[PDB]
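Descriptive analysis of the structure
Below are the chains, spelled out letter by letter.
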Amino acid sequence: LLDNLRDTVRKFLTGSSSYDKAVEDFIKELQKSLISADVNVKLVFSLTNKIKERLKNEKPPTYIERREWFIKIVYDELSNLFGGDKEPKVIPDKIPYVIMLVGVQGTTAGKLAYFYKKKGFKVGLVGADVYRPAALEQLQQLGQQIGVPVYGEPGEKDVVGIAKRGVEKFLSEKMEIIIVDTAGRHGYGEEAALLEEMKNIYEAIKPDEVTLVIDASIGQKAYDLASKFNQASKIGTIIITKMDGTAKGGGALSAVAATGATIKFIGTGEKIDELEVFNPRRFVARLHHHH
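Residues numbered from 1 in each chain as written, not as in the entry; some residues may be left out. Heavy atoms only, no water.

As recorded in the entry header, the structure was determined using X-ray crystallography to a resolution of 2.0 Å.

Here it is as C-alpha coordinates:
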(Lines give C-alpha, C1' and ligand atoms only; values in the text may rest on other atoms or scores of the structure.)
Protein backbone atom coordinates (compact mmCIF):
# COMPACT_ATOMS: atom_id res chain seq x y z
CA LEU A 1 0.00 0.00 0.00
CA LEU A 2 2.59 2.56 1.08
CA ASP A 3 4.99 1.54 -1.68
CA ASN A 4 2.16 2.09 -4.17
CA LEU A 5 1.29 5.44 -2.55
CA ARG A 6 4.92 6.39 -3.10
CA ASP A 7 4.47 6.34 -6.87
CA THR A 8 1.17 8.22 -6.69
CA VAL A 9 2.81 10.94 -4.60
CA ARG A 10 5.66 11.19 -7.10
CA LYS A 11 3.31 11.60 -10.05
CA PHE A 12 1.43 14.26 -8.13
CA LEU A 13 4.51 16.27 -7.13
CA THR A 14 5.93 16.38 -10.65
CA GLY A 15 3.41 19.08 -11.54
CA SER A 16 1.94 17.63 -14.72
CA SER A 17 -1.60 19.00 -15.14
CA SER A 18 -3.67 21.64 -13.32
CA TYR A 19 -3.55 21.59 -9.54
CA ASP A 20 -7.25 20.70 -9.25
CA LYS A 21 -7.07 17.77 -11.66
CA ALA A 22 -3.81 16.60 -10.10
CA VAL A 23 -5.57 16.47 -6.73
CA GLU A 24 -8.59 14.68 -8.22
CA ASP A 25 -6.42 12.09 -9.91
CA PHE A 26 -4.43 11.60 -6.70
CA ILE A 27 -7.48 11.16 -4.50
CA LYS A 28 -9.01 8.58 -6.87
CA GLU A 29 -5.81 6.55 -6.83
CA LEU A 30 -5.56 6.82 -3.04
CA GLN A 31 -9.17 5.65 -2.68
CA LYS A 32 -8.57 2.77 -5.07
CA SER A 33 -5.33 1.70 -3.32
CA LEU A 34 -6.98 1.83 0.10
CA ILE A 35 -9.94 -0.20 -1.18
CA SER A 36 -7.48 -2.71 -2.61
CA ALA A 37 -5.77 -2.81 0.82
CA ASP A 38 -9.08 -3.95 2.31
CA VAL A 39 -9.61 -0.71 4.23
CA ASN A 40 -13.26 -0.29 5.23
CA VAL A 41 -14.87 1.91 2.56
CA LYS A 42 -16.43 4.12 5.24
CA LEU A 43 -12.89 4.88 6.49
CA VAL A 44 -11.66 5.52 2.95
CA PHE A 45 -14.50 7.98 2.34
CA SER A 46 -13.98 9.80 5.65
CA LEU A 47 -10.24 10.01 5.06
CA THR A 48 -10.47 11.64 1.65
CA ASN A 49 -13.24 13.98 2.78
CA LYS A 50 -11.14 15.08 5.76
CA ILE A 51 -8.19 15.67 3.42
CA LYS A 52 -10.37 17.76 1.09
CA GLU A 53 -11.72 19.74 4.04
CA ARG A 54 -8.34 20.56 5.55
CA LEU A 55 -7.19 21.58 2.08
CA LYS A 56 -9.92 24.25 1.91
CA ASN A 57 -9.50 25.62 5.43
CA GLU A 58 -5.69 25.46 5.70
CA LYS A 59 -3.73 27.41 3.11
CA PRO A 60 -0.07 26.48 2.73
CA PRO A 61 2.21 28.33 5.16
CA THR A 62 4.33 30.97 3.41
CA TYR A 63 7.26 29.51 1.43
CA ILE A 64 5.54 26.12 1.22
CA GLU A 65 4.41 25.04 -2.25
CA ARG A 66 0.75 24.09 -2.74
CA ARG A 67 1.58 20.57 -3.89
CA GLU A 68 4.02 19.92 -1.05
CA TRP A 69 1.37 21.18 1.37
CA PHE A 70 -1.25 18.82 -0.08
CA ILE A 71 1.01 15.81 0.42
CA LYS A 72 1.92 16.87 3.96
CA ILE A 73 -1.79 16.83 4.78
CA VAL A 74 -2.15 13.45 3.05
CA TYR A 75 0.68 11.94 5.17
CA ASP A 76 -0.80 13.41 8.35
CA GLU A 77 -4.17 11.82 7.70
CA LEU A 78 -2.70 8.47 6.65
CA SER A 79 -0.92 8.36 9.99
CA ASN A 80 -4.25 9.12 11.70
CA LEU A 81 -5.97 6.38 9.67
CA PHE A 82 -3.49 3.96 11.26
CA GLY A 83 -3.79 5.26 14.82
CA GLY A 84 -1.96 8.57 14.81
CA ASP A 85 1.38 9.70 16.18
CA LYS A 86 1.99 7.41 19.15
CA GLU A 87 5.08 5.71 20.55
CA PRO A 88 4.14 2.63 22.63
CA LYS A 89 5.82 1.63 25.89
CA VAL A 90 7.82 -1.47 25.01
CA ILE A 91 10.20 -1.66 27.96
CA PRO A 92 8.50 -2.82 31.18
CA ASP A 93 9.37 -1.07 34.44
CA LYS A 94 8.06 -3.98 36.50
CA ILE A 95 10.05 -7.18 37.00
CA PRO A 96 9.09 -9.88 36.67
CA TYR A 97 6.84 -9.08 33.71
CA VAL A 98 4.42 -11.74 32.42
CA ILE A 99 3.09 -11.44 28.88
CA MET A 100 0.28 -13.64 27.67
CA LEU A 101 -0.07 -13.97 23.91
CA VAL A 102 -3.49 -14.96 22.58
CA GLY A 103 -5.26 -15.10 19.25
CA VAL A 104 -7.09 -17.25 16.71
CA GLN A 105 -5.50 -20.43 15.35
CA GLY A 106 -2.72 -19.27 13.04
CA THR A 107 7.04 -17.32 15.71
CA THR A 108 5.70 -14.13 17.25
CA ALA A 109 6.40 -15.50 20.73
CA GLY A 110 9.95 -16.31 19.68
CA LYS A 111 10.38 -12.89 18.06
CA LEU A 112 9.07 -11.14 21.17
CA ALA A 113 11.47 -13.08 23.41
CA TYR A 114 14.33 -12.27 21.01
CA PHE A 115 13.42 -8.58 21.14
CA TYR A 116 13.61 -8.56 24.92
CA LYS A 117 16.74 -10.69 25.14
CA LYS A 118 18.46 -8.19 22.84
CA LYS A 119 17.42 -5.48 25.30
CA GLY A 120 19.32 -7.37 27.99
CA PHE A 121 16.43 -9.10 29.78
CA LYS A 122 16.36 -12.62 31.20
CA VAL A 123 13.46 -14.13 29.26
CA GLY A 124 11.56 -17.38 29.68
CA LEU A 125 9.16 -18.87 27.13
CA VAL A 126 6.12 -21.02 27.95
CA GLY A 127 4.70 -23.10 25.12
CA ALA A 128 1.00 -23.43 25.94
CA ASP A 129 -0.40 -23.69 22.41
CA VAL A 130 -1.45 -27.34 22.68
CA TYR A 131 -3.99 -27.50 19.86
CA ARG A 132 -1.14 -27.21 17.36
CA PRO A 133 1.08 -30.24 18.10
CA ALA A 134 4.01 -28.87 16.12
CA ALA A 135 3.74 -25.61 18.09
CA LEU A 136 5.76 -26.78 21.10
CA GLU A 137 8.51 -28.35 18.97
CA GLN A 138 8.76 -25.19 16.89
CA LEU A 139 8.92 -23.03 20.02
CA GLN A 140 11.66 -25.20 21.51
CA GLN A 141 13.57 -24.77 18.23
CA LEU A 142 13.27 -20.98 18.24
CA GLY A 143 14.25 -21.00 21.92
CA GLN A 144 17.34 -23.13 21.30
CA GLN A 145 18.23 -20.90 18.36
CA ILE A 146 18.05 -17.66 20.36
CA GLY A 147 19.28 -18.93 23.72
CA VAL A 148 16.02 -18.45 25.64
CA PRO A 149 14.60 -21.18 27.93
CA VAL A 150 11.39 -22.83 26.77
CA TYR A 151 9.01 -24.61 29.14
CA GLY A 152 6.58 -27.10 27.65
CA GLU A 153 4.78 -30.39 28.30
CA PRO A 154 4.75 -32.79 25.32
CA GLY A 155 1.28 -34.15 24.63
CA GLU A 156 -0.33 -32.18 27.46
CA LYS A 157 -3.59 -30.46 26.50
CA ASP A 158 -4.44 -28.76 29.79
CA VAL A 159 -3.42 -25.30 28.55
CA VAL A 160 -4.14 -23.74 31.95
CA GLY A 161 -2.05 -26.34 33.76
CA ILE A 162 0.90 -25.82 31.42
CA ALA A 163 0.77 -22.02 31.68
CA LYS A 164 0.54 -22.15 35.47
CA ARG A 165 3.40 -24.62 35.91
CA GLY A 166 5.50 -22.84 33.29
CA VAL A 167 5.05 -19.38 34.81
CA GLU A 168 5.61 -20.77 38.31
CA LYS A 169 8.86 -22.39 37.13
CA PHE A 170 10.20 -19.20 35.55
CA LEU A 171 9.13 -17.02 38.46
CA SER A 172 11.20 -19.32 40.69
CA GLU A 173 14.20 -19.05 38.38
CA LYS A 174 13.77 -15.29 38.76
CA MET A 175 13.22 -14.66 35.04
CA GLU A 176 12.58 -10.99 34.23
CA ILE A 177 10.21 -11.38 31.29
CA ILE A 178 7.98 -14.42 30.84
CA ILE A 179 6.07 -14.92 27.61
CA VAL A 180 3.22 -17.41 27.50
CA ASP A 181 2.19 -18.60 24.07
CA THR A 182 -1.46 -19.63 23.81
CA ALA A 183 -3.89 -19.87 20.91
CA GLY A 184 -7.64 -20.48 20.99
CA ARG A 185 -10.31 -22.86 19.64
CA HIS A 186 -12.11 -20.27 17.51
CA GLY A 187 -11.58 -18.08 14.48
CA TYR A 188 -12.75 -14.71 13.23
CA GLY A 189 -16.52 -14.38 13.48
CA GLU A 190 -16.63 -16.22 16.80
CA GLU A 191 -15.02 -13.47 18.89
CA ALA A 192 -17.45 -13.84 21.81
CA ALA A 193 -16.48 -17.48 22.39
CA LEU A 194 -12.83 -16.75 21.67
CA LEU A 195 -12.57 -14.08 24.37
CA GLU A 196 -14.63 -16.18 26.78
CA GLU A 197 -12.15 -19.04 26.38
CA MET A 198 -9.27 -16.63 27.18
CA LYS A 199 -10.55 -15.74 30.65
CA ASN A 200 -9.67 -19.07 32.31
CA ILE A 201 -6.01 -18.98 31.28
CA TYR A 202 -5.79 -15.29 32.22
CA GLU A 203 -7.12 -15.93 35.73
CA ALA A 204 -4.58 -18.67 36.43
CA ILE A 205 -1.59 -16.65 35.24
CA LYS A 206 -2.63 -13.08 36.06
CA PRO A 207 -0.37 -11.61 33.36
CA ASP A 208 0.82 -8.01 33.41
CA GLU A 209 -0.03 -7.77 29.73
CA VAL A 210 -2.22 -9.64 27.27
CA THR A 211 -1.27 -9.36 23.62
CA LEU A 212 -3.59 -10.34 20.82
CA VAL A 213 -1.68 -11.48 17.75
CA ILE A 214 -3.39 -10.75 14.45
CA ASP A 215 -2.27 -11.98 11.03
CA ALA A 216 -2.41 -8.99 8.66
CA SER A 217 -4.07 -11.17 6.00
CA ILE A 218 -7.38 -10.93 7.86
CA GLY A 219 -7.62 -7.29 6.74
CA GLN A 220 -10.56 -5.25 8.01
CA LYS A 221 -12.23 -8.36 9.42
CA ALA A 222 -9.88 -7.99 12.39
CA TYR A 223 -12.15 -5.20 13.61
CA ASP A 224 -14.66 -7.26 15.61
CA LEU A 225 -12.09 -9.28 17.57
CA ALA A 226 -9.82 -6.31 18.22
CA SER A 227 -12.76 -4.19 19.39
CA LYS A 228 -14.08 -6.73 21.87
CA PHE A 229 -10.56 -7.68 22.97
CA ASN A 230 -9.48 -4.13 23.78
CA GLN A 231 -12.63 -3.43 25.78
CA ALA A 232 -12.18 -6.72 27.66
CA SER A 233 -9.12 -5.53 29.59
CA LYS A 234 -7.07 -2.49 30.54
CA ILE A 235 -3.81 -4.34 29.91
CA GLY A 236 -4.41 -5.44 26.33
CA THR A 237 -2.13 -4.71 23.39
CA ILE A 238 -1.97 -5.94 19.82
CA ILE A 239 0.70 -7.20 17.45
CA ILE A 240 -0.04 -7.34 13.73
CA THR A 241 2.07 -10.00 12.00
CA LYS A 242 2.98 -10.94 8.44
CA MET A 243 2.50 -7.41 7.13
CA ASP A 244 4.54 -8.26 4.02
CA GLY A 245 2.79 -11.52 3.20
CA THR A 246 -0.45 -9.78 2.26
CA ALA A 247 -1.92 -6.81 0.44
CA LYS A 248 -4.47 -6.34 3.23
CA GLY A 249 -2.13 -4.95 5.88
CA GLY A 250 -3.67 -1.51 5.46
CA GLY A 251 -7.10 -2.95 6.19
CA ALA A 252 -5.90 -4.75 9.30
CA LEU A 253 -4.08 -1.69 10.68
CA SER A 254 -6.92 0.72 9.95
CA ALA A 255 -9.47 -1.72 11.35
CA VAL A 256 -7.48 -2.13 14.57
CA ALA A 257 -6.75 1.59 14.80
CA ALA A 258 -10.51 2.23 14.56
CA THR A 259 -10.90 0.47 17.93
CA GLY A 260 -8.29 2.75 19.51
CA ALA A 261 -6.34 -0.32 20.63
CA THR A 262 -2.60 -0.11 21.18
CA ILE A 263 -0.64 -1.77 18.36
CA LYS A 264 2.75 -2.18 20.04
CA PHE A 265 4.65 -4.19 17.42
CA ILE A 266 4.27 -5.10 13.79
CA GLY A 267 5.72 -8.33 12.37
CA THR A 268 7.38 -7.65 9.04
CA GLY A 269 9.31 -10.67 7.78
CA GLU A 270 9.75 -14.30 8.80
CA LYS A 271 13.19 -13.67 10.31
CA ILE A 272 13.55 -13.80 14.09
CA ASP A 273 14.58 -10.13 14.27
CA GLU A 274 11.72 -8.91 12.09
CA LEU A 275 9.53 -7.40 14.80
CA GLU A 276 9.43 -3.62 15.07
CA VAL A 277 7.98 -1.16 17.54
CA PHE A 278 4.99 0.39 15.81
CA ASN A 279 4.14 4.08 15.52
CA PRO A 280 1.74 5.08 12.68
CA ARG A 281 3.69 8.30 12.13
CA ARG A 282 6.98 6.46 11.67
CA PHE A 283 5.30 3.71 9.65
CA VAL A 284 4.00 6.35 7.23
CA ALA A 285 7.25 8.35 7.31
CA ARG A 286 9.19 5.52 5.65
CA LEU A 287 7.97 6.55 2.19
CA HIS A 288 8.51 10.31 2.50
CA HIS A 289 9.40 11.72 -0.92
CA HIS A 290 12.20 13.89 0.50
CA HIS A 291 14.63 11.13 1.49
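After that view of the structure, there is still more to cover.
**Overview of the nonpolar core**
Counting 67 residues, the largest nonpolar core has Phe26, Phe70, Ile214, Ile238, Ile240 and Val256 as its most contacted members. When residues of this core are assigned to their parent elements, the largest contribution, 8 residues, is made by helix α4 (residues 66-81). When we break this core down by domain, the ones giving at least three residues each are domain 1 (1-86) and domain 2 (87-277). Those residues within four positions of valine 256 in sequence are excluded, and the remaining contacts are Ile214, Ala222, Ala226, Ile238, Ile240, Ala261 and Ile263. Residues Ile99, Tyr116, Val148 and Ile179 belong to the second largest nonpolar core, which totals 21 residues. (Core = buried A, V, L, I, M, F, W, Y, C linked by side-chain atoms within 4.5 Å. Buried < 20%, exposed > 50% of the residue type's maximum accessible area, 1.4 Å probe, protein only. Helix = DSSP H or I, 4+ residues; strand = E, 2+ residues; numbered from the N terminus. Domains from an automatic or database assignment. Contact = heavy atoms within 4.5 Å.)

**Regarding the side chain of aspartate 181**
For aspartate 181, the position within the fold is in strand β4 (residues 177-181). One buried charged side chain, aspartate 181, makes no salt bridge at all; its nearest oppositely charged neighbour is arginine 132, positioned 7.3 Å away. Those residues in contact with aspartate 181 that sit more than four places away from it in its chain are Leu101, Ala109, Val126, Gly127, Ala128 and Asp129. (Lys, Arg positive; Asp, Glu negative; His and termini not counted. Salt bridge = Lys/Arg side-chain N within 4 Å of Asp/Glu carboxyl O.)

**Focus: the sheet that holds strand β8 (residues 275-277)**
Spatial strand order, β3-β2-β4-β1-β5-β6-β7-β8: 8 strands in an open sheet with mixed pairing. The sheet terminates laterally at β3 (150-151) and β8, the two strands that pair on one side only. When strand β1 (residues 97-102) meets β4, the two strands line up parallel, connected through 5 bridges. Following the sheet pairing, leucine 101 is matched in β4 by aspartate 181. Against the sheet, helix α7 (residues 159-172) contacts β1, β2 (123-127), β3 and β4, and its axis sits at roughly 165 degrees relative to β2. (Pairing = 2+ DSSP bridges. Axes fitted to C-alpha atoms, helices over the stretch in contact; angles between N-to-C directions.)

**Observations regarding the packing of aromatic side chains**
In the structure shown here, the tally under the stated rule is 9 aromatic pairs. Centre to centre, the rings of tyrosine 116 and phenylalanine 121 are 6.0 Å apart; their planes meet at 75 degrees, and the pair counts as edge-to-face. Here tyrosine 116 falls in the buried class, since its relative accessible area comes to 1%. Counting every residue linked through ring pairs, the aromatic cluster contains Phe12, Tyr19, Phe26 and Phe70. Positioned above the aromatic ring of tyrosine 19 is the side chain of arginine 66, whose terminal nitrogen or guanidinium carbon lies 4.1 Å from the ring centre. Its guanidinium or amino end placed over the ring of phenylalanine 12, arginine 67 lies 5.4 Å from that ring's centre, counting from NZ or CZ. (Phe/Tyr/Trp six-rings, centres within 6.5 Å; stacked < 30°, edge-to-face > 60°. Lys NZ or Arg CZ within 6 Å of the ring centre and 35° of its normal.)

**Remarks on empty space enclosed by the protein**
One way to see where empty space is left: roll a probe the size of a water molecule over the atoms. Looking at the largest cavity, its volume works out to about 30 Å³. Lining of the largest cavity is provided by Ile99, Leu112, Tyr116, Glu209, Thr211, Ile239, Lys264 and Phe265. Those elements that provide at least two residues to the lining of the largest cavity are α5 (108-118), β5 (209-215) and β7 (263-267). In terms of residue class, the lining of the largest cavity is made up of 5 nonpolar, 1 polar and 2 charged. (1 Å grid on protein atoms, 1.4 Å probe; cavity = no way out; pocket = protein on both sides within 12 Å on 5 of 7 lines; lining within 4 Å. Points joined across faces, edges and corners; volume = space filled by probe spheres on them. Nonpolar A, V, L, I, M, F, W, Y, C, P; charged D, E, K, R; others polar.)

**Quick notes on α5**
In terms of burial, α5 is largely enclosed, as 8 of its 11 residues are buried. Burial in α5 covers these residues: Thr108, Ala109, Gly110, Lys111, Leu112, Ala113, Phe115 and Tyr116.

**Quick notes on the domain arrangement of the protein chain**
One frequent convention defines the size of an interface as the accessible area lost when the parts assemble. Domain annotation of the protein chain identifies domain 1 (1-86) and domain 2 (87-277). Domain 1 puts 11 residues into the contact, and the matching count from domain 2 is 15 residues. Taking both sides of the interface into account, the surface hidden between domain 1 and domain 2 amounts to around 980 Å²; carbon and sulfur atoms contribute 53%. Ranking the residues of domain 1 by area buried against domain 2 places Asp38, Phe82 and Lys86 at the top, with a combined share of 58%. On inspection of domain 1 and its partner domain 2, the count reaches 0 salt bridges. Our count for the contact surface shared by domain 1 and domain 2 stands at 3 residue pairs in polar contact. (Buried area = accessible area lost by both parts, 1.4 Å probe. Polar contact = N/O pair within 3.5 Å; in protein donor to acceptor, adjacent residues only side chain to side chain.)

**Notes on the side chain of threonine 237**
Examined against the element boundaries, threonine 237 turns out to sit in strand β6 (residues 236-241). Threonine 237 sits in the buried class, given a relative accessible area of 9%.

**Digging into unusual backbone geometry**
The linkage connecting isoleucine 95 with the following residue, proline 96, adopts the cis geometry, with an omega of 0 degrees. Within the fold, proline 96 resides in the loop between α4 and β1. Despite not being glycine, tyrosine 63 shows a phi value in the positive range, around 80 degrees. One can find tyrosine 63 in the loop between α3 (41-57) and α4. Under the relative-accessibility criterion, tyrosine 63 is labelled exposed at 87%. The phi torsion at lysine 206 lies on the positive side, around 45 degrees, for a residue other than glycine. Mapped onto the secondary structure, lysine 206 falls in the loop between α8 (191-205) and β5.

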